[PDB]
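Neighbour counts are summed over all protein chains in view; Cβ atoms, including those assigned to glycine, are modelled from backbone coordinates with ideal geometry. Every number here is computed from the coordinates shown, using simple stated rules; none is lab data.
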Amino acid sequence: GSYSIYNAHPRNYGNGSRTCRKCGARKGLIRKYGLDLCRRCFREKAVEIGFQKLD
Amino acid sequence: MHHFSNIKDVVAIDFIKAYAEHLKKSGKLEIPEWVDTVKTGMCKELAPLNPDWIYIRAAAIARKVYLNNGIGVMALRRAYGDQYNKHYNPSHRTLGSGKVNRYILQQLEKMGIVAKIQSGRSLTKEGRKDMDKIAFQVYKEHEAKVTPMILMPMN
Amino acid sequence: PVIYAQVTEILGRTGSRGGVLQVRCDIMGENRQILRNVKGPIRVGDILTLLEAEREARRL
Amino acid sequence: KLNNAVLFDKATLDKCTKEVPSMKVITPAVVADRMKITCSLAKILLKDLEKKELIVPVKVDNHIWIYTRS
Amino acid sequence: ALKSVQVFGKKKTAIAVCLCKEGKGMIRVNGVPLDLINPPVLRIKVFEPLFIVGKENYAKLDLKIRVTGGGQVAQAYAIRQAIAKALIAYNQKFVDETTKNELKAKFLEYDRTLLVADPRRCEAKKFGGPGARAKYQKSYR
Amino acid sequence: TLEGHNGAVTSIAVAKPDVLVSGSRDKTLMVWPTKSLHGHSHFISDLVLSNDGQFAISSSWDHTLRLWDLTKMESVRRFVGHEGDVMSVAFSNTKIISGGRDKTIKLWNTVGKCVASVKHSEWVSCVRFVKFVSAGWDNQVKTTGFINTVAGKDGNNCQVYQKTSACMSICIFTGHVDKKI
Amino acid sequence: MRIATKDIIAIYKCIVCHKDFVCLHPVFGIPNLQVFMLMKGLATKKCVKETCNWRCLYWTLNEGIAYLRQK
Amino acid sequence: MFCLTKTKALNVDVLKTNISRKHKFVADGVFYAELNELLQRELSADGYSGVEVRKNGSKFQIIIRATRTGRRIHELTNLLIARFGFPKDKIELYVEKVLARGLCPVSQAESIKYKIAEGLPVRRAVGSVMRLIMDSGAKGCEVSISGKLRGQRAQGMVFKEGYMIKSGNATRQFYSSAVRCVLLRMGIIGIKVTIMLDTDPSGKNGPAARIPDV
Amino acid sequence: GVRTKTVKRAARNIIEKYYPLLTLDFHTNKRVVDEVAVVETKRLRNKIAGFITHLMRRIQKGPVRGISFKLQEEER
Amino acid sequence: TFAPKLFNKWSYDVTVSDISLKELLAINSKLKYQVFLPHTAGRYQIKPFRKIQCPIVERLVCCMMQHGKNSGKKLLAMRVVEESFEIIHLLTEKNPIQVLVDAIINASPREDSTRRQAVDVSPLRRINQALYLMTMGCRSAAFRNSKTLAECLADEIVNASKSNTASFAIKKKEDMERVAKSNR
Amino acid sequence: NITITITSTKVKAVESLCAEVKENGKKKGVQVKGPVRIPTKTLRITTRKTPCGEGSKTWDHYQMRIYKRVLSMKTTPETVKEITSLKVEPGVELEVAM
Amino acid sequence: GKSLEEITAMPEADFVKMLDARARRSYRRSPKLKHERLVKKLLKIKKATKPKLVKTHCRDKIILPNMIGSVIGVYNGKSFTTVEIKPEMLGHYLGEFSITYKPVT
Amino acid sequence: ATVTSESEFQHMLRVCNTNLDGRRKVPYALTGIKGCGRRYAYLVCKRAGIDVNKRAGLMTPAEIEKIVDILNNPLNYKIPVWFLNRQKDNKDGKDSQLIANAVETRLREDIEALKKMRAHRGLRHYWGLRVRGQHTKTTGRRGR
RNA sequence: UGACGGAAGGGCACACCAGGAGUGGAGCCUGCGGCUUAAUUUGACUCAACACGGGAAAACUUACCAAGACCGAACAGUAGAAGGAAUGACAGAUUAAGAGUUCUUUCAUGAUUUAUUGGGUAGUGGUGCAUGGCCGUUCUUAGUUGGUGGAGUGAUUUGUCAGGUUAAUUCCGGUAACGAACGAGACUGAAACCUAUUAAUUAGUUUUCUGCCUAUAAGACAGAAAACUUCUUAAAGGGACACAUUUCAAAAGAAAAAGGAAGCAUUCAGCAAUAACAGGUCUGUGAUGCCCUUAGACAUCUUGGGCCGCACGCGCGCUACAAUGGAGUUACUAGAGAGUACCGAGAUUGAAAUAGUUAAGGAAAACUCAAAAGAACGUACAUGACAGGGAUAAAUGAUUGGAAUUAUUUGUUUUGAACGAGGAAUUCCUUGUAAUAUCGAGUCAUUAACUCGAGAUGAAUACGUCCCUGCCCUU
């Protein structure tokens, strides 16, 4: 129909099948510890999560 | 000052040499058809130079059963390995050869030197007896040939 | 046929980039002070070795 | 370029068997310099002279060989 | 029964926990005798405490050293501390102090590191360079 | 004379004829040197020997008291319960009294258990028997400078501790602050 | 948007929806696009509020009672 | 109909039965940072000014520290269930009033946001806010404003009062800051408000002696 | 190894108020500073206790300029 | 009576003729210098004038660990010197340590030039350059050459010992002095 | 036998419950096997400061900390420590294991 | 090392057994409908017949004997480059005969 | 350590129409042939029974006949098929047999077969570019 | 008042000196320019652009190109409209297509909406020369200010200095200034230690029993068992402050040595002020103003290609040019990491190798997780582009993937090029540091020569000076 072919590509592997939790971006992803908060968004919410700028 | 309790009191290369020809003398370790056409894995690019490389390897593998209670083929595979530097990349460690080590382990089971635990391989009673008999012969002549450093003259 | 000269005190460090030390040495064989330049680490108790003695290093 | 000779001929061997035991320091890489033979052969020769008791080993090792006159 | 003490020596990361016990005079590292240490050139370094104050001081002591850290040279520097410390500690718990002080004085006048650990450790890495202090090359034009 | 300490010798006692037990600021007890007893993690402020001449006690700055026996030479018991430092301890030989920077006087028993806690407004620098008399830094002796000992800073013209170098103990053996007992 | 009417009443009888249109909803099992266009097309009636947080849309029923009860 | 095949479940990683210690507290933080920002976009007219996610073994109790206050609480809880896939029986919400209204920067930033968007001059809007913050107990405060206050060319002014330590680890046990942006008919103005607390969060900064008199 | 004014001022105040308590021994001076003053940092207390002993050292030979304690005043 | 020997074969009963270096050379003044191995992990590079406390046989070993792909391999350098030190004994029938100290004295230039002008060279610089010059000569000679490094090092020390100009250390020494000789 | 494991991100929080549970083991209890301190886990993350590629390449270091303590009792499984939570401070997750 | 008639008149599953590793793995995996529908139309052209060129985006099909006679175009990036199948262009990929860039000038 | 006759020692050997130095050992002289390398050369020596430490110049003509036969007949001398340098070969046959001056001939008549088919790999061979897909922007900068 | 000086005075920094390693020269991996192309998408151009956008792109990413479709056209009025607004579709043809896209044919579903206007909306579109936020930089050094007061009509000046000192307007001291605030310091994380406390499993040691084996007097190994905490782990405390001696400068302090685990602020880092750039980012953001497009779309979707294209130039790097080495065998020895509703994979087993068939335990101090440089062995290699070097191509064997061609990665055999230590120039580095070689993590369906960390072997060279490059102060 008018929509059957829409999003017919199978995106399971993932470079564009994974998105940031808030920013929705596909570049800078941090999958460590299951954060899935892409870069430039984890730094803003780092202190809320609990990570501290220690050494 | 020295004393004998197990094979940890004889040099490993000296012991393996002694235990090598003993396996060859007994003639209970058959030679496979691929003894010469194969290297010891993938990192190497030449077959072993020693014609009797099976026996020296067999003694070395058998010694690792002595020290480590439950060992596996992959533990021998990573132990008998080298570094892969065939290209412009920096080298990185690789495993040895699966077949040549496992084939010898399957052979050492034939002569009862090793056993089959539920989680690996280990020696038997007579195999422990056989090795310790040889390791004493090396130990005996070792002390006669070279004096210990504790008795080394104070110079 | 060289002569030694013990170091008495270090006058300073000169030579654009400091790499030459001015030290007023004395000679044991002639008990006379001599001002010589040395290249390298030197201390107060050192004893030098000189192939000349009439060169009064002063650098104006 | 050096073409230091690889095998043993007659005149090469006899000259080797005379002055080699007479050197104060005998190492395979210096009898290769004077006798002008490949030092893979010098190892062969130095083992033979030892078996005939003309040189004595002060340091024989898997890294280097040093001998001297008897 | 079998009076014994415990000591330990450290290098960059090597730890050598000993057990200085009354015995015939046998020293063993991880089971192997002290004359079968893998880097044979360093063997004379490990036996160095024995000859410092005479081998007889260790004649009545059986030692059982265990090394589980660092490299093969660091392990060969921890054993030196382990052997030297074991003599000093034992010659205090079961011998008078002036003997321990005399023996410990001989080591200190010869090599102070024989009984005190080296404080140096591997430095941390910092961004912008391959190592702790080095930095990547700078391109100008 | 006498040699082998690594600090200021602070307490000296000769319980009996040639057994001298001394403590210093280097966490040690030397028996005169013949033997050294360890187990304390701070200064030895006072040491008291038993009447028998083979049991020993010693105060310390690690908020604890240790009881040694001079027959096996090891701390058979450690006294726990004090809060601050310990300045002094006195032996009476079944009751033990001690006090220090806690500003509290504790009456220990020979098995290691205290029984009461008399809680001077400031530190009690010395508790000694004759009834025990306790000397604090309050210029008082209840239970113009300080009181260091009973048997201060005022001098009655220099501090009294208990020429040479500053003497920290006396028993005349007189341990010093230059390891020069 | 052309949403099957057998499922339109499912939404009409708070609601959230991932902004990702690639995948189906986990509640009704229908695509995220259909849920988006229905509620967004209904927030313009001032019936709900379209707060969005961390790529997820939250819709809260309010005026909406008049429309929903009639529907 | 479409040929779609993926399903994006609205679950949370705090309710997973099996989870590593490394993956748990990390997923605990992400949930808090997500819930905290979520209701910030709902309780703006309230000024929630903080959230706690204290649990009771098997039940999660969310606390909202609203400065100025059950229909919404019933309403919000339903939102929490749908987004995070909570079971009904272990989720609840509570509202706590804060008395230190001047000491909560997140609530005061919205006061300046309200006044600026209303139309008040920026110096009049901030100045009255600083007066409220200072006497409430804070040691000092700074309000940083940058944007298009004057004209098309951007500008930024910093209002400072009281005492404020800028460097050291003391600025992590003491500081209280929140960043807000308010849209105007020309652009966006960014409002940063920092409040320096006092000894009520027990702890004294590095340099302090205050010897008692005797 | 110079000292800031945060320690030197704090070292003078304790001296002018608790002069009798202090002595020439650093180890005792540590515990008096902990008692007669409230410093939340162990390092800072040693630094003050370090300087106090130095100032009492200069006190014995003669008086100091900025230091004015009751004993000095009573003898003046 | 602890009497260490350099490899249980060589002793330390040697005399330094040049009294200028007699104090900056660590041979037998202190028991800490006499070591069975030139491998000591001491911190000789934390304070000025502390390298004078390193055993001189060890300082030679450290300088023999250069040019990149030999970085950090003290064990290789220790092996080379031990093999070399036996060879020097064969060539001279003397103590190899006693040969080495003479080489250091005779291979160290006593005059250099800085930007010219002729300036003198400190006693600590004389020892530094001496180990820096023989090591350079041995390393270059042994490169792409059949001889082993131990034999190359041994032949360098004997030649530079007494007066020989075939040694690379001597060649660069006379050249360095000659330029400064004319720069007075 | 029973096994109580507490884990938190704050050191003071886990140390409070371990001492409190042990202090609760004196009463209605038999013995209090001290807190066996398992090694700390550190969650290092090293991101890049800049939202773009411009500027000198400067990174920032982040790290959580997970302190873990294990408590072993004998007690009775039916009664154990009853609540065995006793108002755990938020960010502390106690467990009880058979 | 066989004859042309033998290769094209023997089962396909048998022929792939004498190909190389990559070609036989691509055949070992499932028959993708983008290829099954192509060959079905490929053998249809010769049914109702230089055959009729059939444009195709499939630059992935492994060449097989059943498509030897047919004439097929291949999409490079913009145009269906014409290639006639020959016996010599066996299990090499179908897209190796459609260059996707002008080499150099 | 014995004197070797001049006649025995040959400074060069003629095997499969190539010249091999006589000084190099047997396995390191058989490498001189364009079909054999080091893994192949060592196996052949062991299969022929020749000494591996013997010099090539000390080879009798009797053994060379065995060598030239075994290289030209590897399959019947129990050499594994995966050891061969030409397997599954087209134009009939599934054996290497490539130890000759035929190493270039087989290579050169590939490209002529590849080029005639107009395959992209063949075209890249014609133009003289990197064939196996490598970035040509900065490498292969031979002056032209 | 600031800026500037080829003006002076005093200080500082691997800035340079003494040196080490180098890069530049060869081959390759990779980024930028250029040329080509339909496209080779784009930002950034001295430090402060060029292994940078965490940018290791087969598809998606993706912003570019060739085709093809599509409404992600809300709401409101009108038409039309359950007597059907419209939507979905088999097969044949058109189409790469199993997109009913379209055409002859009918078959299902039904108000969810077709056509219209008013209109929003969407955009990796433009504009960082409209903004927020973040980051970099002036700037790793020591600097900045307002309350009152003194001087000047004023901009402003004083406080913020003569001298001495310190890593530091850090301090002693002189003082029309007094009293403060920020920056330094103080502070936080790691290393250096505790046979003293607390502890004991998932860490270790010891003891006892059972069985086995060799020694000549010790013990080794396996399977169970109970105490003990030196090592291990980690909490609380402790521990140095230059205190103390000598000397130098009534100060502030400075330099040996001794003690000590530790004595350059002990070291490595984190935080790090006022003011500023019209530095980068609207291509991280449902943060966003204005403009542009907005049914034949610059939104979205599908297929194919490109981002990898080579006549050349530059930058960051990997491997090398050998015997301080390469090849074959044998013994080894860390630390920090990471793991399941399929993730990390033990053990058995097919084989020449990558790998395949079965398959324990582990949500983890518990199971997986394992070192190589270096060492030792042999009458091996002998200075020969030689076995140094492994680019290039060739025949084949497999893995991951919907799909491997322009080789994703990789195994076997063969092929055996430059490169003989590299010109002008230039980069980094002061001690467990440089250097050498390796391990883990990020990215990861598949793919490290990259970056972030971690250990292992452990050098040389001064304890300096403004000469160069630049800083900070003073007429």
Completion exercise
Cβ pairs under 6 Å, 6+ apart or interchain, first in the stretch L:89-105 and more than 10 Å from chain M (Cβ to nearest Cβ), second more than 7 Å from RNA strand N (Cβ to nearest atom) and in a helix (DSSP H, G or I), ordered by first then second residue, are L:91/L:23
Practice task
Would you mention how many residues in the stretch E:4-13 are more than 19 Å from residue E:95 (Cβ to Cβ) and either within 12 Å of another protein chain (Cβ to nearest Cβ) or in contact with a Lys or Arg (Cβ under 7 Å, 6 or more places away or on another chain) (or both)?
Solution key: 3
Fill in the blank from the handout: When residue L:49 is run through (1) outside any strand (DSSP E or B); (2) within 13 Å of another protein chain (Cβ to nearest Cβ); (3) of a type outside the set (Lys, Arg); (4) more than 9 Å from RNA strand N (Cβ to nearest atom), the failure sits at (2)
Exercise for the section: Of the conditions (1) crowded, with 16+ Cβ neighbours inside 10 Å; (2) within 19 Å of residue F:22 (Cβ to Cβ), residue F:71 clears all except one; give me its number. Expected result: (1)
Handout entry: Residue that is farthest from the chain's Cα centre (by Cα), among those in the stretch G:28-41 that are away from chain A (no Cβ under 14 Å) and near RNA strand N (Cβ under 7 Å from one of its atoms)
Key = G:41
Exercise for the section: Within the stretch F:13-63, track down each residue that is within 15 Å of RNA strand N (Cβ to nearest atom), surrounded by fewer than 20 Cβ atoms within 10 Å (Cβ to Cβ) and away from chain E (no Cβ under 14 Å). Expected result: F:27, F:41, F:42, F:62, F:63
Practice task
Go through C:43, C:55 for me and flag whichever is within 17 Å of residue J:112 (Cα to Cα) and facing another protein chain (nearest Cβ under 10 Å).
Solution key: C:55
Exercise for the section: With the checklist (1) surrounded by fewer than 20 Cβ atoms within 10 Å (Cβ to Cβ); (2) away from every other protein chain (no Cβ under 12 Å) in hand, flag the one item residue J:57 doesn't pass. Expected result: (1)
Fill in the blank from the handout: All-but-one check, residue A:21 against (1) within 6 Å of RNA strand N (Cβ to nearest atom); (2) farther than 30 Å from residue E:126 by Cβ; (3) of a type in the set (D, E, K, R); (4) surrounded by 15 or more Cβ atoms within 10 Å (Cβ to Cβ), failing number (1)
Practice task
Inspect all residues belonging to the stretch D:33-47 and state whether any of them is within 15 Å of RNA strand N (Cβ to nearest atom), in a helix (DSSP H, G or I), at the interface with chain M (Cβ under 9 Å from one of its Cβ atoms) and over 26 Å from residue M:21 (Cα atoms).
Solution key: yes
Problem - residue B:105 more than 6 Å from RNA strand N (Cβ to nearest atom) and under 14 Å from the mean Cα position of the chain (by Cα) - result: yes
Problem - Lone unmet requirement of (1) within 6 Å of RNA strand N (Cβ to nearest atom); (2) touching a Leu at 6+ places or on another chain (Cβ under 9 Å) for residue A:2 - result: (2)
Exercise for the section: Kindly check whether there is at least one residue in the stretch D:19-30 that is away from chain M (no Cβ under 12 Å), under 29 Å from residue M:24 (Cβ atoms) and in a loop (DSSP other than H, G, I, E, B). Expected result: yes
Problem - Answer residue from the stretch K:34-62, given it is of a type in the set (S, T, N, Q) and in a loop (DSSP other than H, G, I, E, B) and is surrounded by the most Cβ atoms within 10 Å (Cβ to Cβ) among those - result: K:50
Practice task
Return yes or no: is residue D:11 among the small types (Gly, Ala, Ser), assigned to a helix (DSSP H, G or I), within 20 Å of residue J:148 (Cβ to Cβ) and more than 9 Å from chain M (Cβ to nearest Cβ)?
Solution key: no
Exercise for the section: Answer yes or no as to whether residue J:11 is assigned to a loop (DSSP other than H, G, I, E, B), touching a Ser or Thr at 6+ places or on another chain (Cβ under 8 Å), more than 13 Å from RNA strand N (Cβ to nearest atom) and over 28 Å from residue J:142 (Cβ atoms). Expected result: no
Practice task
Identify, from the list F:142, F:180, F:103, the residue that is in contact with a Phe, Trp or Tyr (Cβ under 9 Å, 6 or more places away or on another chain) and assigned to a loop (DSSP other than H, G, I, E, B).
Solution key: F:103
Handout entry: Candidates H:48, H:94 - the one that is away from every other protein chain (no Cβ under 12 Å), part of a strand (DSSP E or B) and among the aromatic types (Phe, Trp, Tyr)
Key = H:94
Problem - Enumeration of residues in the stretch M:112-129 that are surrounded by fewer than 17 Cβ atoms within 10 Å (Cβ to Cβ) and more than 9 Å from chain L (Cβ to nearest Cβ) - result: M:112, M:115, M:125, M:126, M:128
Completion exercise
Counted residues in the stretch H:1-23 being buried (at least 18 other Cβ atoms within 10 Å of the Cβ) and part of a helix (DSSP H, G or I) come to 0
Handout entry: Among (1) more than 9 Å from RNA strand N (Cβ to nearest atom); (2) more than 14 Å from the chain's Cα centre (by Cα) - the single one residue L:29 does not satisfy
Key = (1)
Handout entry: Count - residues of the stretch A:25-55 that are within 6 Å of RNA strand N (Cβ to nearest atom) and either over 23 Å from residue K:42 (Cβ atoms) or part of a loop (DSSP other than H, G, I, E, B) (or both)
Key = 14
Practice task
Consider residue A:49 carefully, then state whether it is within 29 Å of residue K:66 (Cβ to Cβ), surrounded by 13 or more Cβ atoms within 10 Å (Cβ to Cβ), under 18 Å from the mean Cα position of the chain (by Cα) and more than 8 Å from chain H (Cβ to nearest Cβ).
Solution key: no
Completion exercise
Of the residues in the stretch B:108-145 that are of a type in the set (A, V, I, L, M) and more than 9 Å from RNA strand N (Cβ to nearest atom), the one that is farthest from the other protein chains (Cβ to nearest Cβ) is B:111
Practice task
Just give me the residues in the stretch I:12-27 being of a type outside the set (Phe, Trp, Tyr) and near RNA strand N (Cβ under 10 Å from one of its atoms), in sequence order.
Solution key: I:12, I:23, I:24, I:25, I:27
Problem - Residue check for residue H:160: among the basic types (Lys, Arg), within 24 Å of residue H:136 (Cα to Cα) and within 14 Å of chain I (Cβ to nearest Cβ) - result: no
Fill in the blank from the handout: Over the stretch L:74-86, the set of residues at the interface with chain M (Cβ under 10 Å from one of its Cβ atoms) and surrounded by fewer than 18 Cβ atoms within 10 Å (Cβ to Cβ) is L:86
Handout entry: Within the stretch E:29-49, considering residues that are of a type in the set (A, V, I, L, M) and more than 9 Å from chain B (Cβ to nearest Cβ), the one surrounded by the fewest Cβ atoms within 10 Å (Cβ to Cβ)
Key = E:41
Handout entry: Breaking point among (1) within 30 Å of residue E:95 (Cα to Cα); (2) away from chain E (no Cβ under 14 Å); (3) assigned to a loop (DSSP other than H, G, I, E, B), for residue F:72
Key = (2)
